[PDB]
Amino acid sequence: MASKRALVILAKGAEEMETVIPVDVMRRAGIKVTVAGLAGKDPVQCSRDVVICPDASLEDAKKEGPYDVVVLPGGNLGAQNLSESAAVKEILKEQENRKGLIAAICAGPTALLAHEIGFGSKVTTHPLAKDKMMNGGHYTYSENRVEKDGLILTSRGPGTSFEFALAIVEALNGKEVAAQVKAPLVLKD
């Protein structure tokens, strides 16, 4: 049984904690994760100036798809860049069409709105991104720290990143693996 694969799209202004926590946790779960740079293979300056080097450009990562999950980190500027990307729209449309999981956190879910992805789904976002996400009433809002409506998985912010990541792990590799990965993290609960 092959390992599941995850695509994490990294754009300038992305919230680095929301990027690194899921990448790290998913790799601990044995998931093959590809950190793809939206703008290319060059280093990406995140929201709080942490600079991360992507594994590959989104263009090249796309050719190695499809993935079991496409992950969209948050960060206002990062989400805006994801929202304006035609490449991202294509990847999300494809993932949605093949009934693959899409996970977005914080401001990240607003990219789903921009690309008309999963309308009708119950979703959550960072409290400050709620109004943007709800423009038009295409989704139903939730205040749950992690919300999962079928193949659309959303979360609220840096502080829900571990919960978000573990939810992705459970969705791809099961409850047992998620629990095994969780223990050594020393989370409160």
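The header says X-ray crystallography, 1.6 Å.
Backbone N, Cα and C define each Cβ position, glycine as well.
The C-beta environment of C106 (active site, nucleophile), restricted to residues of the same chain at least 6 apart in sequence and closer than 8 Å, consists of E15, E18, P73, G74, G75, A79, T125, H126, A129, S155, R156, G157, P158. Annotation note: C106 (active site, nucleophile) sits in a coil segment as assigned by DSSP. Annotation source Swiss-Prot lists active site, nucleophile at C106.
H126 (active site) falls outside any helix or strand according to DSSP and counts as coil. If you look up Swiss-Prot, you'll see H126 marked as active site.
Residues annotated as SUMO cross-link in Swiss-Prot, with experimental evidence given as evidence: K130.
The N-acetylalanine annotation in Swiss-Prot covers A2. Mapped onto three states, the DSSP output places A2 (N-acetylalanine) in coil. A 10 Å cutoff on Cβ-Cβ distances gives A2 (N-acetylalanine) a total of 6 other Cβ atoms nearby, all chains included.
Secondary structure at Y67 (phosphotyrosine), as computed by DSSP, is coil. Among the features that Swiss-Prot reports, phosphotyrosine is placed at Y67.
Sequence annotations record features per position, and here Swiss-Prot assigns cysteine sulfinic acid (-SO2H) to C106.
In the three-state DSSP reading, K148 (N6-acetyllysine) counts as strand. Long-range Cβ neighbours of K148 (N6-acetyllysine) (same chain, at least 6 residues apart, Cβ-Cβ under 8 Å): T154, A167, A171. Among the features that Swiss-Prot reports, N6-acetyllysine is placed at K148.
Within 10 Å of the Cβ of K182 (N6-succinyllysine) there are 19 other Cβ atoms, across all protein chains. Sequence annotations record features per position, and here Swiss-Prot assigns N6-succinyllysine to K182.
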What is the separation, in Å, between the Cα atoms of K182 (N6-succinyllysine) and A2 (N-acetylalanine)?
22
Can you grab the distance from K130 (SUMO cross-link) over to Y67 (phosphotyrosine)? Cα atoms, rounded to a whole Å.
28
Could you state the whole-number distance in Å separating the C-alpha atoms of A2 (N-acetylalanine) and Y67 (phosphotyrosine)?
12
